[PDB]
């Protein structure tokens, strides 16, 4: 069958991937006792947008649920799926002849049917008539709350939809749940995005020089991923010095200084499939003793979490595991003193890692389904920032991204709190003010017995220093 491809060495993605997703969605809806026979899923694709009142185009990127179901790159489409039969119909714009002059050839409906391997193709201005002739019981539209943005998914609408019975509650939790579990075809794409991104991160480590601007590295990274991978930046983090303390840190215009710890967090996507990797490393290519200690603490928690991950593991337990390891290591360094058990009970870990350990990844970098009905957010420091509190199951894709930061306002808050202040050694901590931070982010897939690591970048102090010194890769 047909595939998406940007030539050269880029990945061929079979359109069969999206056919399988439609099948899986129907199979799930059929088991839902509230779903009526004769229901049709109706999804509306994204449209081209312009900046404010200008004719300046914003780069078009397909809406994620619609992409998941159909893999369609063109703006202005709809897609429907007959739940009982699984039959797919794509609706495309009826374009005018002037489109031939400055946009391009006007493809036939046949062309799109073959391109996307759907059962039928019709024009958008005919959607109400086509759906009417199919005599559906109910139209299932998409509406629900994204638990990272807090935004409400926008329901499909078309001229004449008011004449149909519409249900906007059933679909969202079901299609979200399908997205949580990646198919083998989906995993192939995520392996690819991780491969390209990993290569780009290596090139960044090889290229960094004291005196460069952060955005020079962003530029190189993006150039590698686009020219070699057919990939683009996903969500709009190259922090050197105390900017590495800033989690989501426009062009990053800080000059990389000698002695800085760089924290390079980029994401990217191929055909709307994401990757999210973070590398930390000394700007000048040589870890100081302090940098090595902080860095190896995060390497330890990173590897402890990956090693412990398997089906049945509760994700908040992994977050707490990283906290405990960080506190142990900060104590070994002399930054902390006292009982680590007591430190954990006082939530001291969150002073140094205020964000969640990691998140679902897929078509969105912060992928859907972290907090389905019945799964609650934990109202404690650190944990409340987790983007899921679910138990792990095979097929889930997660980032594992512990970090340690020295953030003045969190440190000062702890120092003012008698329940936490006694753990902190001001005279040692003073040395780490302005250190910035370290974050190590891997992408992994949960397997039947553990995980599969998708990411492949230098991680040990030795590996990183060798990479940055320009040593041939084969060098040990």
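Residue numbers count along the first chain shown, from 1.
- Missing coordinates between residue 236 and residue 237 amount to 1 to 3 residues of the deposited sequence.
- Per the record, residue 249 and residue 250 are separated by 4 to 9 deposited residues that are missing from the model.
- Averaged over Cα atoms, the B-factor as recorded in the entry is higher for 90-98 than for the other of 345-353 and 90-98.
- If you average the C-alpha B-factors over 298-306 and over 133-141, the higher value belongs to 133-141.
- Highest CA B-factor among the listed residues (224, 264, 215, 158): 158.
- Across the options 280, 146, 339, 219, the residue with the most elevated CA B-factor in the record is 339.
- When all modelled residues of the chain are sorted by CA temperature factor, residue 52 is found within the middle third.
- The deposited CA B-factor of residue 153 belongs to the highest third of values across its chain.
- In the deposited entry, the Cα temperature factor of residue 416 sits in the top third of values across the chain's modelled residues.
- Residue-level temperature factors show residue 444 in the lowest third of its chain, judged at the C-alpha atom.
- Per the deposited record, the Cα B-factor of residue 104 falls in the highest third when ranked against the other modelled residues of its chain.
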